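This document opens with one chain alone, in structure tokens, the form deposited in one PDB entry.
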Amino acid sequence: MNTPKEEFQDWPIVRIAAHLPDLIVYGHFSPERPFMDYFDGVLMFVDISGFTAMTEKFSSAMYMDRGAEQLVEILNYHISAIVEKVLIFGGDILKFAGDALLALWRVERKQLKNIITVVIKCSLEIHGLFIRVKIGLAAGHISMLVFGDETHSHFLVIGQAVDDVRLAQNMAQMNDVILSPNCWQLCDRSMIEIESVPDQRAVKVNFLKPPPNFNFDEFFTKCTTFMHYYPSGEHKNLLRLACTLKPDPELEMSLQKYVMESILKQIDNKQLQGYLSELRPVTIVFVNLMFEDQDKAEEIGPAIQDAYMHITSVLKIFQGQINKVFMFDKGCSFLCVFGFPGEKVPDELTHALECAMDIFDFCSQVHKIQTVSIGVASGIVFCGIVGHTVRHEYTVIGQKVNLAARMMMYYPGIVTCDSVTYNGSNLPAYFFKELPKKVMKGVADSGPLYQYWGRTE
């Protein structure tokens, strides 16, 4: 009796799970919204610098109209290698945002110290492989928030360790690995050799200096005891346990809610893969919500849900999409896009502005939202699936993405727009106000910037 080869089955549930972390795939939590949970872990925020520039260059004539295809190929080639290292070292990639990603090693409190050594080692091997890579690490208490409606779900992580990992990463120079103060306080200092950072309590890693008799492969093995989904045994040749997920319509119904419809179309083999890699003109609407205490999920969770319910209803009407949500700019940011594959309306600019205004007015009166700020910017952006075959997400990359984010941060409390949006919109000039030009971290020169003052006053 034969025992024939069983070919890998790439069921749709498995394809869906590539778009999500283990935190969601294996989370099985309640469908109530908001839902919050609490745990401890180590975070790694990894940023490839330079892709934002490459993006502008990939529009030039030398790319012969295959800029999008060439960009995504060279991006994924690099990001794939970073993803593999993260996964092999036992991390869970939570989210990709542009040319950056955030990874989590969730463990019990007693295990943080040892897992920090694992993540440092991982970081040093990533910084090794290689555009510059910058890595921020943090460790401690972490909250998760899941919010949404009956057809869409989103998650975010929240708390001091989350704020820290982003602060740590911004201090990083080309190729630095930076530890948050708490991470440094919790790590095995007898092994980790650091320099201090000026006017900063975070530290920089110089190297690992293991003691005699220390064997990293053995230490790692001990650490895998604490890793719930590390591939092992018959599945030790796989990068993710999620590669083994079997059809389950209840689970798939729950997981699909996190993935955009156009991605589900590709997964379902109802649209060519090539279709979603593009360099296309879009409008970015970047919404920031600030709270009195951005580390307190039980306060901010309801407010985020409330804002989300309104945001999604106005985006439906003005035809936009939420690409990504994350904690950023001392608050919760929604990266919204008008003109994704299949949503290209005319009057996109006008609508992006009226939508931004509606969101601004409504969110300003949600309880516990202290300040709303929205940046609107338009131009050619890269849209596509970024990452590894086994772990990847749809994202946007471009100078207008960064501009919209910087606008919302440097012009808090108002709706701002760039010149392309201003000039191209339908709206009368006196609905706007020309603003003082600010020097903005990561921005060569915006043309003129404007406040969208709106119809009255």
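For every residue, the number given is its place in the sequence shown, counted from 1. The term rigid core refers to the most C-alpha atoms you can superpose between the two forms while keeping them within 1.5 Å. Residues that one form lacks are left out of the comparison.
One more form of this protein, deposited in another entry, exists but is not displayed; see below.
Of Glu278, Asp329, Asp306, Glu354, the one whose Cα moves 2 Å or more between the shown form and the other one after core superposition: Comparing both forms, the shifted residue turns out to be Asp329.
Exceeds or equals 2 Å, Cα of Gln294 between the shown form and the other one, core fit: Where the cores coincide, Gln294 still shows a C-alpha shift between the shown form and the other one that is 2 Å or more.
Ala161 and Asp329, C-alpha gap in the other entry relative to this structure (3 Å or more): It is closer: in the other entry, the C-alpha atoms of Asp329 and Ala161 lie at least 3 Å nearer than they do here.
Note on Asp329-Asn182 C-alpha separation in the other entry, which departs from the shown form by 3 angstroms or more: Relative to this form, closer in the other entry.
Structural rearrangement between the shown form and the other one, runs of 3 or more with C-alpha shift of 2 angstroms or more, core superposed: The segments that shift (3 or more residues, C-alpha shift of 2 Å or more) are 7 to 9, 49 to 53, 293 to 296, 328 to 330.
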